[PDB]
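Observations on the three-dimensional arrangement
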Amino acid sequence: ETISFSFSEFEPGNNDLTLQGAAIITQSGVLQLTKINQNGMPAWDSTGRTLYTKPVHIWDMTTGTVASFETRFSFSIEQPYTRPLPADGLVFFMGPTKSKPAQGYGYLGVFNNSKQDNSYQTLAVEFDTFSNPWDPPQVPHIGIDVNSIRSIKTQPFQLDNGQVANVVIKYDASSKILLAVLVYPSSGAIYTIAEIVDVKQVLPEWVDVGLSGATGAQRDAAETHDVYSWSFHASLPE
Amino acid sequence: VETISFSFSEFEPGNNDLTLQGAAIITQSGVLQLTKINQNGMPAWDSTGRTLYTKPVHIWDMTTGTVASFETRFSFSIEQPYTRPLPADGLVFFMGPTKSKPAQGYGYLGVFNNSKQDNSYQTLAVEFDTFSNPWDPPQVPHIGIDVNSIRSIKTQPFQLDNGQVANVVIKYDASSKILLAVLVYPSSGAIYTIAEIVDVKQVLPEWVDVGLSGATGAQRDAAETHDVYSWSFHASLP
Ligand SMILES: *[C@@H]1O[C@H](CO)[C@@H](O[C@@H]2O[C@H](CO)[C@@H](O[C@@H]3O[C@H](CO)[C@@H](O)[C@H](O[C@H]4O[C@H](CO)[C@@H](O)[C@H](O)[C@@H]4O)[C@@H]3O[C@@H]3OC[C@@H](O)[C@H](O)[C@H]3O)[C@H](O)[C@H]2NC(C)=O)[C@H](O[C@H]2O[C@@H](C)[C@@H](O)[C@@H](O)[C@@H]2O)[C@H]1NC(C)=O
Ligand SMILES: *[C@@H]1O[C@H](CO)[C@@H](O[C@@H]2O[C@H](CO)[C@@H](O)[C@H](O)[C@H]2NC(C)=O)[C@H](O[C@@H]2O[C@@H](C)[C@@H](O)[C@@H](O)[C@@H]2O)[C@H]1NC(C)=O
Ligand SMILES: OC[C@H]1O[C@@H](O[C@H]2[C@H](O)[C@@H](O)[C@H](O)O[C@@H]2CO)[C@H](O)[C@@H](O)[C@H]1O
Ligand SMILES: OC[C@H]1O[C@@H](O[C@H]2[C@H](O)[C@@H](O)[C@H](O)O[C@@H]2CO)[C@H](O)[C@@H](O)[C@H]1O
Ligand SMILES: [Ca+2]
Ligand SMILES: [Ca+2]
Ligand SMILES: [Mn+2]
Ligand SMILES: [Mn+2]
């Protein structure tokens with residue numbers, strides 16, 4: 001059982017994408033996850049997401065088989081303000097179908113608190129720009145989140161302000177290895193992170209896949225969270 | 001902490017920190033040509049060359065059972081100038097017993113002696129394979145994770161960007177036992193990833209040598225270049 005999609009760019013109306021919160025697709029084909037003010041500056045106190053309309057079959061209880069998958073997307077985060085510190089980040093997430101945006105700020109529109117809760121049934125790879133109490137001190141950092149905003153693994157990386165980053169996330173069901181890579185063509189910088197994740201005991205049999213972004217809790221604690229392309233592929237062995 | 005690291009932004013003829021074996025030479029221009037390049041600028045077949053960092057690396061300690069985490073990065077280019085016969089054989093990053101000499105060439109890439117898996121090899125390698133031997137998947141080129149055998153425990157096909165520079169990142173996390181590798185072609189923006197579980201305690205000796213090896217084919221024109229422009233490495237033993 002296979003499923004996949006590829007957006008080399010986005011266009012206003014694409015029935016295959018559900019926009020939630022402040023998320024909008026510009027005429028230029030850019031998915032702005034968080035609000036961009038009239039004057040071009042990123043707005044604080046903003047949360048937006050996008051979900052692929054079709055659900056994905058990740059695993060099956062009867063057969064006990066698990067799907068391997070991969071997703072890729074390009075994004076740019078620009079932190080224009082001299083102060084205060086920018087926030088909060090963007091993230092790729094997989095979880096229960098028909099989900100609506102959760103809490104913003106450090107929860108990135110995906111979680112509701114900083115608890116360890118198996119009921120979240122969510123897996124996510126974050127690109128975190130603000131260090132919250134539950135975070136490592138280094139920001140930005142990539143993070144692998146399993147049923148909690150408290151990453152089971154993190155990797156610091158240097159932002160190349162306003163430049164486009166290419167992300168590759170892949171999950172191999174056989175080894176249970178979830179890996180993510182971030183590349184900045186502008187500088188050639190490459191960052192990687194990987195950890196074991198048993199999706200069988202984390203995600204529901206069917207899930208929705210999406211992208212979410214959020215700006216800060218105080219004036220000007222913000223940055224852009226723009227996405228230019230997004231592709232996904234999953235194959236469930238029978 | 002037991003740490004070791006080196007970084008060659010380019011290579012200099014005479015650098016006492018590198019041991020050149022086989023056909024390997026360092027050009028005045030600072031390029032490490034693993035396999036012989038003829039005076040007419042064309043790569044010679046039946047060529048095998050390697051380079052080893054002169055200092056041994058402490059990967060693990062049997063007394064305490066501690067295992068080091070490490071990472072290596074290098075840039076290389078493989079140019080296949082002939083339309084016939086098929087190009088061969090590839091290049092590889094390998095870690096194994098110190099004071100080793102080039103092994104069999106061709107598809108064994110100067111690191112192994114035959115296709116059998118043998119603990120006596122005590123070698124871990126990440127290959128960039130260009131010719132499909134009987135023990136290989138049909139697709140070439142491909143990245144391969146080699147544990148005591150030229151027959152990879154995991155492979156990932158990738159499209160060559162003929163003659164262009166590829167950036168490689170290989171990292172081992174002792175806590176998760178995850179060995180990952182990434183190849184990026186700035187020229188096209190292509191990104192490839194591969195990862196698998198590897199218990200280095202049961203594979204490598206406490207102290208190892210790290211090196212790069214390249215080899216061309218067993219018949220005329222079954223050749224390609226195996227040039228390396230830079231190489232860095234770092235390991236941390238708790
Ligand atoms: C790929 O294949 C190569 C070549 O076969 C191999 O490298 C050779 O390994 C052999 C070991 O099997 C090396 O030979 C030894 O050399 C030392 C140093 O002089 C001697 O002390 C050894 O003799 C003792 O041990 C013998 C048992 O192995 C025993 O029979 C002797 O009586 C003595 O106690 C041994 O010398 C040989 O002894 C048998 C004689 O008939 C023979 O003429 C004599 O050579 C040999 O030098 C290596 N050759 C080269 C060029 O490297 C690769 O791996 C080996 O690499 C070695 C450097 C070392 O690290 C070995 O542990 C390793 O197995 C093979 N590649 C891999 C990694 O699999
Ligand atoms: C995250 O916060 C959400 C908002 O409160 C929770 O969803 C809400 O779940 C209620 C039932 O638990 C349901 O009545 C509400 O309609 C729904 N949304 C609203 C408007 O409140 C969410 O709850 C989780 O998901 C639901 C579907 C159930 O499975 C709950 O048991 C879950 O807790 C919150 N998620 C978590 C894990 O806290
Ligand atoms: O500053 C960005 C940062 O804000 C945190 O929330 C702060 C808030 O900004 C501050 O004015 C108030 O006094 O305390 C809050 C914390 O309790 C967010 O939590 C963080 O995610 C960022 O958005
Ligand atoms: O052709 C490149 C390819 O050669 C293989 O070796 C061949 C050899 O080329 C051929 O002339 C001979 O008859 O049989 C050999 C075994 O198939 C190498 O094994 C392979 O690695 C490449 O180098
Ligand atoms: Ca955070
Ligand atoms: Ca081969
Ligand atoms: Mn975080
Ligand atoms: Mn191979």
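Residues numbered from 1 in each chain as written, not as in the entry; some residues may be left out. Chains lettered and ligands numbered in written order. Heavy atoms only, no water.

So, on to the coordination of the manganese ion (ligand 8). For the manganese ion (ligand 8), every protein donor is listed as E127 of chain B (OE), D129 of chain B (OD), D136 of chain B (OD) and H142 of chain B (NE2), and the spread of their distances is 2.1 to 2.4 Å. Coordination of the manganese ion (ligand 8) draws on donor residues from a single chain, spaced E-x1-D-x6-D-x5-H in sequence. (Donors = N, O, S within 2.8 Å, 3.2 Å for Na, K, Ca; no water.)

Residue and element names in this part refer to chain B. Every residue near ligand 4 is listed here: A88, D89, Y106, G107, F131, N133, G217, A218, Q219 and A222. One of the side-chain nitrogen or oxygen atoms of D89 is found 2.7 Å away from an oxygen atom of ligand 4. Here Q219 contributes a side-chain N or O atom positioned 3.1 Å from an oxygen atom of ligand 4. Starting from 480 Å² of accessible surface for ligand 4 in isolation, the protein chains cover 54%. Split into classes, the residues belonging to the shell around ligand 4 amount to five nonpolar, four polar and one charged. (Near = heavy atom within 4 Å. Polar contact = N/O pair within 3.5 Å; in protein donor to acceptor, adjacent residues only side chain to side chain. Areas by Shrake-Rupley, 256 points an atom, 1.4 Å probe, with all protein chains shown as cover. Nonpolar A, V, L, I, M, F, W, Y, C, P; charged D, E, K, R; others polar.)

Further remarks concern the UniProt feature "binding site: Ca(2+)" (unreviewed entry) in chain B. Residues and elements named next belong to chain B. The UniProt entry lists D129, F131, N133 and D136 under the feature "binding site: Ca(2+)" (unreviewed entry), expressed in the numbering used here. Along the chain, the position of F131 falls in the loop between β11 (124–129) and β12 (142–147). In this structure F131 touches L86, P87, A88, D89, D136 and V140, once residues within four positions along its chain are discounted. Assignment of secondary structure puts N133 in the loop between β11 and β12. Assessed through its relative accessible area of 13%, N133 is described here as buried. With residues near it in sequence (within four places) discarded, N133 still touches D89 and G107. (UniProt positions renumbered as here; feature names shortened; annotations may be inferred. Helix = DSSP H or I, 4+ residues; strand = E, 2+ residues; numbered from the N terminus. Contact = heavy atoms within 4.5 Å. Buried < 20%, exposed > 50% of the residue type's maximum accessible area, 1.4 Å probe, protein only.)

So, on to the UniProt feature "binding site: Mn(2+)" (unreviewed entry) in chain B. Residue and element names in this part refer to chain B. The residues that UniProt annotates with the feature "binding site: Mn(2+)" (unreviewed entry) are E127, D129, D136 and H142. A maximum C-alpha distance of 11.7 Å among these annotated residues, which run over 16 residues, shows that they cluster at one spot. Summarising the element assignment, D129 is placed in strand β11. Among the polar contacts listed, one links the side chain of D129 to the backbone nitrogen of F131, at a separation of 3.2 Å. By the element assignment, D136 lies in the loop between β11 and β12.

What follows deals with the side chain of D145 of chain A. All names here are of chain A. Among the secondary structure elements, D145 is positioned in strand β10 (residues 141–146). The side chain of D145 is buried and forms no salt bridge, while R150, the nearest opposite charge, is found at 10 Å. A distance of 2.6 Å separates a polar atom in the side chain of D145 from a polar atom in the side chain of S151. Excluding anything up to four places from it in sequence, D145 contacts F111, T122, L123, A124, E126 and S151. (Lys, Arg positive; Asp, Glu negative; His and termini not counted. Salt bridge = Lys/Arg side-chain N within 4 Å of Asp/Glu carboxyl O.)

Residues and elements named next belong to chain A. Taken together, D128 (OD), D128 (OD), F130 (O), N132 (OD1) and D135 (OD) make up the full set of protein donors to the calcium ion (ligand 5), lying 2.5 to 2.6 Å away. Between the donor residues of the calcium ion (ligand 5), the gaps in sequence give the motif D-x1-F-x1-N-x2-D. The distance between the calcium ion (ligand 5) and the manganese ion (ligand 7) comes to 4.2 Å, and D128 binds to both of them. Looking at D135, the relative accessible area reads 11%, which means it is buried.

What follows concerns the pairing of strand β15 (residues 178–185) of chain B. Residues and elements named next belong to chain B. By the criterion of burial, β15 is predominantly enclosed, with eight of the eight residues buried. Burial along β15 is two-sided: the face carrying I178, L180, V182 and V184 and the face carrying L179, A181, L183 and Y185 are both buried. In terms of strand pairing, strand β14 (residues 165–173) meets β15 through seven bridges, oriented antiparallel. Within β15, the position partnered with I170 by the bridge is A181. The turn joining β14 and β15, which pair antiparallel and follow one another in sequence, is formed by four residues; a positive phi near 65° is taken by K177. What sits between β15 and strand β16 (residues 190–197) in their antiparallel hairpin is a turn of four residues, with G189 showing a positive phi close to 90°. (Pairing = 2+ DSSP bridges.)

Further remarks concern the site of ligand 2. All names here are of chain A. For ligand 2, the full set of nearby residues is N112, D117, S119 and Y120. A distance of 2.4 Å separates an oxygen atom of ligand 2 from a polar atom in the side chain of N112. Protein coverage of the free-state accessible area of ligand 2, which is 650 Å², stands at 21%.

A word on the interface of chain B and chain A. Interfaces are often sized by the accessible area lost when the parts come together. Listed by partner, the interface residues are 19 residues for chain B and 18 residues for chain A. Each partner contributes to the roughly 1500 Å² buried at the junction of chain B and chain A, and carbon and sulfur atoms together form 61% of this total. The three residues of chain B that bury the most area against chain A are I178, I191 and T193 of chain B, which together make up 33% of that side's buried surface. Summed over the shared surface of chain B and chain A, the result is one salt bridge. The partner of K153 of chain A in a salt bridge is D173 of chain B, and the shortest N-O contact between them spans 2.6 Å. Linking chain B with chain A are five residue pairs in polar contact, by the criterion used here. Looking at the side of chain B that touches chain A, the elements that each hand over two or more residues are β13 (154–157), β14, β15 and β16 of chain B. It is β16 of chain B that provides the largest number of residues to the side of chain B that touches chain A, a total of six residues. (Buried area = accessible area lost by both parts, 1.4 Å probe.)

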